[PDB]
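What follows is a set of notes on a single structure, which appears directly below.
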Amino acid sequence: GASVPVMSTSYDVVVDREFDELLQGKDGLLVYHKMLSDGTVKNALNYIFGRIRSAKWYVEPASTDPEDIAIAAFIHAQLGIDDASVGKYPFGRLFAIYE
Amino acid sequence: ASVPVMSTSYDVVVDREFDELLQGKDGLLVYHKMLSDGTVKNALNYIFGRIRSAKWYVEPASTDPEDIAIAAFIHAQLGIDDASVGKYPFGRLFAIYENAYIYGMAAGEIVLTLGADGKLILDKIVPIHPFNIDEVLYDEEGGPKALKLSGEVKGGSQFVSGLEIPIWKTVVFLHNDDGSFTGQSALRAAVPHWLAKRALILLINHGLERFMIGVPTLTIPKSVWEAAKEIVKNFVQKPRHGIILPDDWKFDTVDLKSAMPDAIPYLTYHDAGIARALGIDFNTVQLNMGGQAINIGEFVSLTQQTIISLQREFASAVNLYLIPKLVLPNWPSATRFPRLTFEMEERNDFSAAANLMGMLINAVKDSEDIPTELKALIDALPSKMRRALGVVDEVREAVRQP
Amino acid sequence: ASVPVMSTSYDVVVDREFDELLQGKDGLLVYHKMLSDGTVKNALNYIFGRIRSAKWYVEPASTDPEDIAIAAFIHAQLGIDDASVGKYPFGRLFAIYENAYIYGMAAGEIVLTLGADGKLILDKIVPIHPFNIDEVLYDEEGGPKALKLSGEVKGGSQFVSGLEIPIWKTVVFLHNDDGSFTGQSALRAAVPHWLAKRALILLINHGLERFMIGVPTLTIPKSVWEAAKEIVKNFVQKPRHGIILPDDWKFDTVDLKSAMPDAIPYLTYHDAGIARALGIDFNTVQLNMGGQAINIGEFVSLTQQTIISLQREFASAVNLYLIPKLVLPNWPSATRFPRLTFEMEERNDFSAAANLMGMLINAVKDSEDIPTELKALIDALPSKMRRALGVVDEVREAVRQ
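One line per chain: the protein sequences are A, B and C, in this order.
Just so we're aligned: the first sequence equals residues 28 to 126 in the UniProt record's numbering.
Just so we're aligned: the second sequence equals residues 29 to 252, 259 to 436 in the UniProt record's numbering.
Just so we're aligned: the third sequence equals residues 29 to 252, 259 to 435 in the UniProt record's numbering.
Below you can see the structure in the form of structure tokens.
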């Protein structure tokens, strides 16, 4: 196994990638939440999130072997992969979490 | 070798850097701050996306079946596919490379495990952030030997102090190595424009208020007051309130004597200059707005010369540090290795190429084995014609063999 | 030779340079500083990318099978491929050449090892930076003999002082050698514009504040004070605060009497002039913005005449210093050598060329061996038609067997 541990992105005033005290931790999350009521922000997210979802999602097998195809077919059915990426209920919930 | 690797140092230049504000870890804080600039981020999103989208594949060391089989193994380790999604480690390598672009150097520890077919396979790549690198250690000829690391273990359990990792356990990415083994941030030449933009925004702010609101003055008898302070305050804050004055008090705003200078074109000069400094050849601030060149496509192709170089630098690190470490434990006598490479994307010649594709198919149409004759005809074409059709991926063909 | 190589020196010109600020290693510091200018960096990123992307291949000394086999060996040593990624040493040669472009001269030590097939093969190229070159040493006819080096070993173990390396162990890249063996920075003719741009930015800064803010003046009785200093300070810093004056104090800003001069076009003249000075023939500061020529492609093609010359200069150094050093230990009687070369890219003629390719295929379609008849027909075409299809790489064909 690995001899090097995963370390934080921290140096001097940068703590876990963030230098601005107003945006550190959960206080920062309130700023981002407030930004959601800005029309330009919302306009941009509507486009980005739409385009992501519209990307013609499918399942690629681990190989062309019939066994790998059958496992892939099982996963395809679990997500409800279809032409519009509507899918079964859990599929759309994954995108909502990702947003 | 009779000549050692030497530092790129003379007079005020130490390891490629003359500006004391950007030397060593202090410099890394500047580059980190630049990441919260919208223009920087816009430019990185484009560059890093395009890099990743380059249709990565594996080329064998030769057409020999042995070299094909080794290349097919490497293809499977990375999960090479049409979208370059790949298996988990593949995307992690790009994330490490992005740090090297931003900061000058980054690395990852290569961790192997025993695979299902009796091969040593890639388990994971542990990223190593430049904030947590104390220094690179060198041998007596100036070749890199080890990384020495210090930093906090994620979650705060412990501080690591001077942990040494030999270089043969790592992949190291340097941006624009000049031969000394010293990487440099791609953001280096953008720092002046970034500083200038910020200073201009400050100056513009200070100007706009005075022209928008007016600087109120009230001249009152040498005799004389709360009412005077309230008049000037209310002019700024409550312009609807209106000003009642005795006949020996005089109210005026300061005559600035000119219209406000229009600083937007100078601001967008500096701001867009940030992206120019990264080798982007279309204006990333004005983007599609304003009167402009008809053939935007050509500026995007010019920008490809920058991005393709970055793709080569990524590939070369994978080819030197990672691939041999995956091949040698399973084929100990290997002297030549497969290479990660990509499809050159410089021009849009797809319509003409697809037309040529059609003529080749039509030519071989009455063959009893159309795929084999088509491939033989393709490999006989002159270079420019062959390359326009894309890659005839013999490694992919080997992998897809059930 | 009865004539020695002489320096390019006369009167104030010493080794091609007249400006004392750019002579010798002091000059190299100026060029290094220019690398942190955005316009310089933009131009180098494009030039160095385009050079690398030129579809590098190896041409044999002749069509003889022997020369083909030697060329195939060189092809394998460099890892010549469709993207010009190559094996590690290939990209290191370009990095050394980039130093020579920037600084005038750079070099690399060629290190060989015994390969698996009993051949001497390339192990590595040790780069030699111009900061670490003391001087080139010359024989009595003025031909280069050696490099003398001084510098710190990477990692700080030791200082190397006057190490001499014979020239036959090196590849030397010079940019624009004029025949004296003296390279010159490609940035030389960009220095005036670079200096002027920086001075203009300084001047613009000094102008903008005075027009944006106003230079406050307060005239007070000969009688007279802390309050006066605070009024002028607050006008600048706290314009919302507002000014209460006794009736014998008078506040005004300085009347500058004109609108601020618009210096942006003069600034962009100098700034874009930096790239012009490198032989780039499209505006790299304005780029796609503003009213402009319809056919940008043509300005890109003009720029190719500069870039292609750089490609020739790189190739010629590889062909003179490196390739013979790889051939001779394995074929000791070799007198003619393979050459690194590239595909000329001047014009976009791809749509017409692909149409011609189609007509050739259709013509040879009923052949019993389409690839052989197609190659014979191609090599018989007139030059312009043949070249438009691209390279029929016999060395590549040999390697792919």
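Backbone N, C-alpha and C fix where the C-beta goes; we use that ideal spot for every residue, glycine too.
Residues that residue i contacts on chain A, provided the C-beta gap is smaller than 9 Å
i             : result
residue 436/B : 90, 91, 92, 93
residue 181/B : 32, 33, 34, 35
residue 53/B  : 38, 39
Per-residue contacts from residue i into chain B (C-beta, under 8 Å)
i             : result
residue 124/C : 207
Helix, strand or coil at residue i according to DSSP, with G and I counted as helix
i             : result
residue 220/C : helix
residue 119/C : helix
residue 337/B : helix
residue 326/B : strand
residue 162/C : strand
residue 135/B : strand
residue 156/B : strand
residue 380/B : coil
residue 98/B  : helix
residue 276/B : coil
residue 239/C : helix
residue 91/A  : coil
residue 299/C : helix
residue 420/C : helix
residue 269/C : helix
residue 45/B  : strand
residue 83/C  : coil
residue 146/B : coil
residue 288/C : coil
residue 409/C : helix
residue 192/B : strand
residue 28/A  : coil
residue 181/B : strand
residue 200/C : strand
Among the options, the one whose alpha carbon lies nearest that of residue i
i             : options                    : result
residue 70/B  : 343/B, 317/B, 426/B        : 317/B
residue 9/B   : 34/C, 63/C, 39/C, 130/C    : Because chain B here runs from 29 to 436, residue 9/B falls outside it and cannot be looked at.
residue 199/B : 352/B, 385/B, 427/B        : 352/B
residue 269/B : 250/B, 307/B, 432/B, 244/B : 244/B
residue 38/B  : 58/C, 427/C, 34/C, 38/C    : 58/C
residue 102/B : 382/B, 426/B, 356/B, 112/B : 356/B
residue 81/A  : 117/A, 112/A, 87/A         : 112/A
residue 224/B : 175/B, 285/B, 359/B, 308/B : 308/B
residue 367/B : 141/C, 162/C, 145/C        : 145/C
residue 372/C : 97/C, 30/C, 54/C           : 97/C
residue 301/C : 350/C, 233/C, 359/C        : 233/C
residue 149/C : 370/B, 385/B, 383/B        : 370/B
residue 264/C : 252/C, 249/C, 277/C        : 277/C
residue 419/C : 151/C, 107/C, 389/C        : 389/C
residue 40/A  : 34/A, 33/A, 48/A           : 48/A
Per-residue contacts from residue i into chain C (C-beta, under 9 Å)
i             : result
residue 257/B : The model of chain B omits the segment between 252 and 259, and residue 257/B is among the residues lacking coordinates.
residue 310/B : 66, 67, 69, 70, 318, 319, 321
residue 118/B : What residue 118/B touches in chain C: nothing, since even the nearest Cβ is about 17 Å away.
Contact list for residue i against chain A, beta-carbon separation under 7 Å
i             : result
residue 61/B  : 46
residue 193/B : 30, 31
Contacts of residue i in chain B (Cβ-Cβ under 7 Å)
i             : result
residue 110/A : Chain B residues near residue 110/A: none, gap ~18 Å exceeds 7 Å.
Chain C contact residues for residue i, given Cβ-Cβ distances below 7 Å
i             : result
residue 416/B : 412, 423, 424, 425, 426
Closer than 7 Å: residue i CB and nearest the ligand ATP heavy atom
i             : result
residue 416/C : No copy of the ligand ATP occurs in the structure displayed, which carries no ligand at all.
Interface partners of residue i on chain A, CB under 8 Å
i             : result
residue 188/B : 32, 34
residue 56/B  : 38
Partner residues on chain B for residue i, Cβ-Cβ distance less than 9 Å
i            : result
residue 74/C : 313, 315, 336, 337, 339, 340
Taking 8 Å as the cut-off, does the segment 119-137 of chain B touch the segment 152-169 of chain B (at least 3 CB pairs, one atom from each stretch)?
The segment 152-169 of chain B is in contact with the segment 119-137 of chain B.
Under 8 Å, CB to CB, which of the residues in the segment 134-149 of chain B have a partner in chain A?
From the segment 134-149 of chain B, only 137, 139 have a Cβ closer than 8 Å to chain A.
Interface residues of the segment 238-249 of chain C facing chain B [CB-CB below 8 Å]
The segment 238-249 of chain C vs chain B, Cβ under 8 Å: 239, 240, 241, 242.
Cβ-based contacts, 8 Å cut-off: residues of the segment 147-177 of chain C near chain B
So the list reads 152, 154, 155, 156, 157, 159, 160, 177, given in the order they occur along the chain.
Give, in chain order, every residue of the segment 337-367 of chain B whose Cβ lies closer than 8 Å to some Cβ of chain A.
Flagged: no residues at all.
Please list, in chain order, the residues of the segment 383-409 of chain C that have any C-beta partner in chain B closer than 8 Å.
If the cut-off is 8 Å between Cβ atoms, the segment 383-409 of chain C has 384, 385, 387, 388, 389, 391, 392, 395, 396, 399, 404, 405, 408, 409 near chain B.
Between the segment 310-326 of chain C and the segment 324-334 of chain B, do at least 3 Cβ pairs fall closer than 8 Å?
Contact between the segment 310-326 of chain C and the segment 324-334 of chain B is established, with three or more Cβ pairs separated by less than 8 Å.
Sufficient close CB pairs (3 or more, under 8 Å) joining the segment 415-435 of chain C to the segment 429-436 of chain B:
Touching, no.
Could you name the residues of the segment 209-229 of chain C whose beta carbon sits closer than 8 Å to any beta carbon of chain B, in the order they occur along the chain?
Result list: 229.
Using a Cβ cut-off of 7 Å, which residues of the segment 259-284 of chain C contact any Cβ in chain B, in chain order?
Within the segment 259-284 of chain C, 269, 273, 274, 276, 277, 278, 279, 280, 281, 282 place their CB atoms closer than 7 Å to a CB of chain B, listed in sequence order.
With a cut-off of 8 Å, do at least 3 Cβ pairs link the segment 110-126 of chain A to the segment 183-192 of chain C?
A contact is defined here as three or more CB-CB pairs under 8 Å, and the segment 110-126 of chain A fails this definition with respect to the segment 183-192 of chain C.
Three-pair Cβ contact test at 8 Å for the segment 373-380 of chain B versus the segment 82-92 of chain B:
Three or more Cβ pairs drawn from the segment 373-380 of chain B and the segment 82-92 of chain B lie within less than 8 Å of each other, which places the two stretches in contact.
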